[PDB]
Amino acid sequence: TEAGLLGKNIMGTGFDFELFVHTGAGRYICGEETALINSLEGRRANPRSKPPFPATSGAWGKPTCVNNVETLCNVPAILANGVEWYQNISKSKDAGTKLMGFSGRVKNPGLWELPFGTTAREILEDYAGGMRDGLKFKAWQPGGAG
Amino acid sequence: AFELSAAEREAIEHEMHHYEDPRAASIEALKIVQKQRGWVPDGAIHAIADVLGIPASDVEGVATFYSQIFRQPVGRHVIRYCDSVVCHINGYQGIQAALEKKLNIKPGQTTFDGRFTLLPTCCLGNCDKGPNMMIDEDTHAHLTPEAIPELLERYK
Amino acid sequence: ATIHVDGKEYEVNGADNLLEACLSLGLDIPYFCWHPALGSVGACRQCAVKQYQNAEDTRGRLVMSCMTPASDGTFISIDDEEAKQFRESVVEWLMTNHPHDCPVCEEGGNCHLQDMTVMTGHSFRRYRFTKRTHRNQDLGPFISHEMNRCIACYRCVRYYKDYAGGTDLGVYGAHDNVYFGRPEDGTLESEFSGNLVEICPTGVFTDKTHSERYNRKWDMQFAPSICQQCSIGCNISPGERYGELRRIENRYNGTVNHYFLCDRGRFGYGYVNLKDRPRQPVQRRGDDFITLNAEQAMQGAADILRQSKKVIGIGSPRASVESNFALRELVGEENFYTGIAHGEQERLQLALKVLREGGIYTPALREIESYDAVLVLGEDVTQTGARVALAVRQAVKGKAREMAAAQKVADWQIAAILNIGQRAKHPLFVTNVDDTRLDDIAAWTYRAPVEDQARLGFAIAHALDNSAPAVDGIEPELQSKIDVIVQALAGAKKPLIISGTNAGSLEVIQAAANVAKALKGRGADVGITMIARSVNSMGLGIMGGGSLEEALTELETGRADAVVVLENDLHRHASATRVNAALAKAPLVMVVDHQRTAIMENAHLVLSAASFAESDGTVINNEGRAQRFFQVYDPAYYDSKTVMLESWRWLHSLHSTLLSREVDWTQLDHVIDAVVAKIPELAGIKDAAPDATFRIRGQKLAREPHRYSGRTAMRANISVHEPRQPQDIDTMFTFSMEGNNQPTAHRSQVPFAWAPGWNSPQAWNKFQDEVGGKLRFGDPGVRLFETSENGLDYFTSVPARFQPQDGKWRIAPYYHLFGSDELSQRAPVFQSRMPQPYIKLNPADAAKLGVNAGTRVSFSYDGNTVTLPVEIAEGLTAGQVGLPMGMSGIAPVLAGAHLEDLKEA
Ligand SMILES: Cc1cc2nc3c(=O)[nH]c(=O)nc-3n(C[C@H](O)[C@H](O)[C@H](O)COP(=O)(O)O)c2cc1C
Ligand code: SF4
Ligand code: SF4
Ligand code: SF4
Ligand code: FES
Ligand code: FES
Ligand SMILES: [Ca+2]
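Chains as they are written, first to last, in our numbering: chain A, 1 to 146; chain B, 1 to 156; chain C, 1 to 905.
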């Protein structure tokens, strides 16, 4: 806002945009996008039936699009380096990179940015470093608790 | 009786400036009252309802819906240990047993002197550094059951 | 549209969801969270059917029929095995935490959850763990709370908050510890909170008044009746047991009061069960009170009335059309007086002239919900005509409905409708002497005296059409708000003007008629609604007669030496001292009434009339719809000494004994024919219900369910021999289960809803042509008058601005839902609910008097100094004093009257 990148007349275009940070009150169901809309309006975070989608009538009945942090962080690279660059990151049907990583009883639990199509054994045996000493690998969840 | 202070009312009104509906500041108003008083008492529901212009049933439903809005009195420090799946694999049971042995209370209860209140919480988003535990403002990771008394002593 | 259910083809409305479409066809789908009036939210997940993509589809997909539109060419299956297994699973999941309470639960035999547990065929419990419990709240005198029985279906909060507009009932908690109720112990503040006992499909919210004297639904003797508590005319099902009125259930009428009553009508029936009611004719002899039977009373009254030189009759707006007509026939047309004051009668006659001669269509109560703008002039509707306030709330939500309909959102998808229509609403402009209960949704509220409200109405009428008389002396900010109201009413497609006789001002009614005429002249589809006071105010106004003051002058001058008072306590319409003097002067007072009134001490003869539960008759509601109410039980069946006849039967037999010295207990249809012959304006009461010869394939209509029990032991303490079944010759109903109550029976008068498998109030779905619509084979009741071809003229009598003069306090009427209706006040459950009588004062007037909030002040009216504690009313204007109309000592005739000598006590 101090640099003129937010607020009124952003970079002389005339586009007015204001950005707020809404800190939640600790409930998992608020991550659901329609329930996120309900909790943003100060209601009990009950999700909403679709149709209608949030794109037609979302926050306070207005058109509203909900996106993840990582998607909105992927956007500026696309707008700065082009479209064919983003399509030519990986030779897969899922374009672009992704924040992946293994956690739980591994040598190096963490987060790394990898292209799509990277196998999970590659992540486990190269970035995570495999299981720790005296531990036999039994199962794995690819994408969290759900 | 209950009465909102000037600072609480000013903060609630400034939060009401950020939304096109005053109802949308209910969560933040409850959090403001909770920051100033430790928890949300019974008259605070009607006070926040009067400030925002929404029914007290709506404010009470929001207050009892969300886990981190306390409608019962707590201690001076809220111990919140993660009991989710990655911290289960990393062994939060030792942490919970150490906290129960040190504080001599069950989860959800408060000590006799009102120093700590023990609560399990959801995943703290620090699964690669588990087991984690969030005391009032600070998240502590890579926890061991022998480091619990040295960590609780700094919270007087 | 066209849907294919289980291989069979049906034609349904495409705007409907699949659940209501299939329920209209007669297909049984279990459901909990859906209600016809509340829309669809998809919570309980009970209505699951299997939808196929096309005709040659085998896999399908489980959908919720309440959330799925009934589009053209829609293939579904209800009785598929996967859908049945899922519905049984949902019932089982609801049963895991449900308490073992059915024997000790007031909803047993009336429970939608019981019916849907049986209907899904779930009867084997394989859950073995602990059941969650809950602590109950105290919700007041009317609604009992038992949160253990909750299935978390959100019907209560959706009704009470989204529909009823209440604010003190929500859902609190989380994952499966969801709790429904108030944030704290206290009385539910809604005037329509009593509909929760039928909205809730379990025993969480129960009728506490019914619970104190409880019996099951199969033991009830029901009848179709009309609520007697105000002028709206909501259809009710009173059910009795052991000779006392046990419960008032809602009776569905798709034209009037579809699923909902108000709390006055539902909980103010307890006056019928009072132990001081007259049960035999009583004739005084010196200081003694000799009890007579029917024939001795008729012969003695006929002899004394024959000796008297002139007998006058005083009717009442509580009595039915037949009883007032029978009194008019007994005393003569010229000697019949409507037992209401002259100003009250003038306002009632003006309201009648506006309704049936103003050329503007007066809507039914359900039709109110389809109007695009509402202007309420002078009428505190929530305390006098409460169902109209509920309908007005629906008409206000119509804007959100219209906005969602613009975005191709279905009308039953209520959550999306409320999301699109955040706080946008149709215009509502209410005017009153103080704050109304409609102020939370009103676009503007005008707190002003009745002169100023009438002036605002005339100013609106002049600004809409310049041919209307203008108002001089309008402040610029008030003129700007006038312009706001005019811009809202002129842009509306269907404006509605609601006034009534409760404001106590003729000019308020005139201003409302002027606004409606100005909107009619612009081409708008305007409607007008007058709110009367009592159950048969409109019928007594149509029949007509002199005022109560004229009858009092006749008694006081000595021209009348006999008076017959019909169902009139006479203190609510005239001063008690004058009434007592006139009645003590008259050498013969005969009181035909069903409640112990104060004038019975001066009565030479008291005839024990029947109340609505023990009598048949017709009443005319505020819109001019004739409605027949039927007798619920015979009072003489349990107590053989009780001589409690209909008022028209008493008066007709008295007329017969007066003329021919023989007693004639007539029939109801004979009196109906006499009314439609003598009074052509009331000719529509013939078609209100069919006569006593009406049969459904030869058999009568049953008053009680087929499983009615105790038939050989309910009177066994009196005598082991069973008595005769009471013969009903007045009507088409029978006093037994030997009758017809099929949902597919060609009739409009339904005593109660019951179908096999559907024991709850959801059994009304089988009795309608489509669910949530009209009753099958039409709703009961007929409009007496049609809309006139040409309207009235503009009322040019514009009142002046209200001016406060010293030593004269204008009485501003404050009505209360619990306490302004006389028979409701008599009900013992309203004593704990009605407020203490507070006299309302402006802060400036109380400061001038030196009076603070709570100090008791005394005022003299009609030479009677009475003291009341003071409540400070900010919205009241200076020079006015607020009084609770109808309560103890304060008659409704005092509305608009002046007050003298208001000092601190
Ligand atoms: C139970 C549940 C929890 C969810 N929690 C989150 C969450 O915490 N963060 C998130 O970004 N999406 C979450 N989602 C996914 C959202 O519904 C939505 O897909 C996402 O927030 C935005 O979509 P996007 O991936 O295109 O950006 C959750 C979904 C469900 C059903
Ligand atoms: S609510 Fe219904 S199922 Fe539950 S205890 Fe009562 S009658 Fe039985
Ligand atoms: S209290 Fe009754 S209406 Fe409300 S959610 Fe529970 S079962 Fe449904
Ligand atoms: S609105 Fe009037 S007629 Fe209807 S239930 Fe209430 S008191 Fe009875
Ligand atoms: S599982 Fe404990 S921090 Fe995520
Ligand atoms: S009736 Fe359809 S989900 Fe409840
Ligand atoms: Ca009868």
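We treat Cβ as the ideally placed atom computed from N, Cα and C, and that holds for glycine.
Can you say whether residue i is buried or exposed, counting buried as having 16 or more other CB atoms within 10 angstroms of its CB?
i	result
C:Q768	buried
C:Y127	exposed
C:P780	buried
A:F102	buried
B:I12	buried
C:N54	exposed
C:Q51	buried
A:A120	exposed
C:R697	exposed
C:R366	buried
B:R80	buried
Should residue i be listed as close to ligand 6, given that the test is whether its C-beta is under 8 Å from any heavy atom?
i	result
C:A43	yes
residue 953 of chain C	Residue 953 of chain C lies beyond the range of chain C shown here (1 to 905); nothing can be said about it.
C:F785	no
C:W444	no
C:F752	no
C:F32	yes
Please determine whether the Cβ atom of residue i lies at a distance below 8 Å from any heavy atom of ligand 3.
i	result
C:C200	yes
C:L555	no
C:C153	yes
C:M147	yes
Mind checking whether the beta-carbon of residue i lies closer than 8 Å to any heavy atom of ligand 1?
i	result
A:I29	yes
B:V85	no
A:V69	yes
A:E33	yes
C:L139	no
A:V66	yes
At a cut-off of 8 Å, would you count residue i as near ligand 5, judging by its Cβ distance to the nearest heavy atom?
i	result
B:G125	yes
B:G130	yes
C:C156	no
Identify the contact partners of residue i in chain E, using a Cβ-Cβ distance below 8 Å as the criterion.
i	result
A:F20	Annotation note: the requested chain E is absent from the structure, which comprises protein chains A, B and C.
The stretch 216 to 230 of chain C / the stretch 158 to 176 of chain C touching (three or more Cβ pairs under 8 Å): no
message: Tell me which residues pass a beta-carbon proximity test against ligand 7: closer than 7 Å to any heavy atom, given in chain order.
response: C:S615, C:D616, C:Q631, C:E646, C:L668, C:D728, C:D730 and C:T731
query: Can you list the beta strand (DSSP E) stretches of 3 or more residues lying completely in the stretch 369 to 455 of chain C, in chain order?
result: 373 to 377, 428 to 432 and 444 to 447
- request: Indicate whether the contact test is met: 3 or more Cβ pairs, each with one atom in the stretch 672 to 686 of chain C and one in the stretch 312 to 323 of chain C, closer than 8 Å.
  value: yes
- prompt: Touch check for the stretch 616 to 634 of chain C and the stretch 591 to 606 of chain C: three-plus C-beta pairs under 8 Å?
  reply: no
message: Quick check for students: name the residue ranges of the alpha helix (DSSP H) that lie wholly in the stretch 345 to 371 of chain C, counting only runs of 4 or more.
response: none
Ordered list of alpha helix (DSSP H) runs contained in the stretch 69 to 97 of chain C, each at least 4 residues: 81 to 95
query: Going along the chain, which residues put their C-beta within less than 7 Å of some heavy atom in ligand 2?
result: C:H98, C:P99, C:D101, C:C102, C:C105, C:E107, C:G108, C:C111, C:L113, C:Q114, C:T117, C:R149, C:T202 and C:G203
Beta strand (DSSP E) segments (min. 3 residues) lying fully within the stretch 40 to 68 of chain A: none
message: Does the stretch 711 to 720 of chain C come into contact with the stretch 679 to 696 of chain C, if we say contact requires no fewer than three beta-carbon pairs (one atom in each stretch) closer than 8 Å?
response: no
message: My parser needs the alpha helix (DSSP H) runs of 4 or more residues fully inside the stretch 256 to 304 of chain C; what are they?
response: 263 to 267
task: Check each residue's C-beta against every heavy atom of ligand 4 and list, in chain order, those closer than 5 Å.
output: C:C227, C:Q229, C:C230, C:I232, C:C234, C:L261, C:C262, C:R264, C:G265, C:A386 and C:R387
query: Between the stretch 33 to 40 of chain B and the stretch 69 to 84 of chain B, are three or more C-beta pairs nearer than 8 Å?
result: yes
task: With a floor of 3 residues, list each beta strand (DSSP E) that falls wholly inside the stretch 571 to 638 of chain C, ordered by position along the chain.
output: 589 to 593, 605 to 608, 617 to 620 and 625 to 629
message: Is it the case that the stretch 190 to 198 of chain C contacts the stretch 134 to 147 of chain C, given that we only count it when at least three CB pairs across the two stretches are under 8 Å?
response: yes
- prompt: How do the stretch 374 to 382 of chain C and the stretch 799 to 808 of chain C stand: do at least 3 beta-carbon pairs fall below 8 Å, yes or no?
  reply: no
- prompt: Going along the chain, which unbroken runs of the beta strand (DSSP E) with 3 or more residues stay wholly within the stretch 90 to 125 of chain A?
  reply: 97 to 100 and 112 to 115
message: Does the contact criterion of 3 or more C-beta pairs under 8 Å hold for the stretch 291 to 307 of chain C versus the stretch 263 to 272 of chain C?
response: no
- prompt: Taking three-plus beta-carbon pairs below 8 Å as touching, is the stretch 61 to 81 of chain C in contact with the stretch 39 to 51 of chain C?
  reply: yes
- request: Specify whether the stretch 871 to 881 of chain C and the stretch 837 to 847 of chain C touch according to this definition: at least 3 beta carbon pairs, one from each stretch, less than 8 Å apart.
  value: yes
query: Residue ranges of each beta strand (DSSP E) run of no fewer than 3 residues wholly in the stretch 6 to 77 of chain C, ordered along the chain?
result: 8 to 11, 48 to 52, 61 to 64 and 74 to 77
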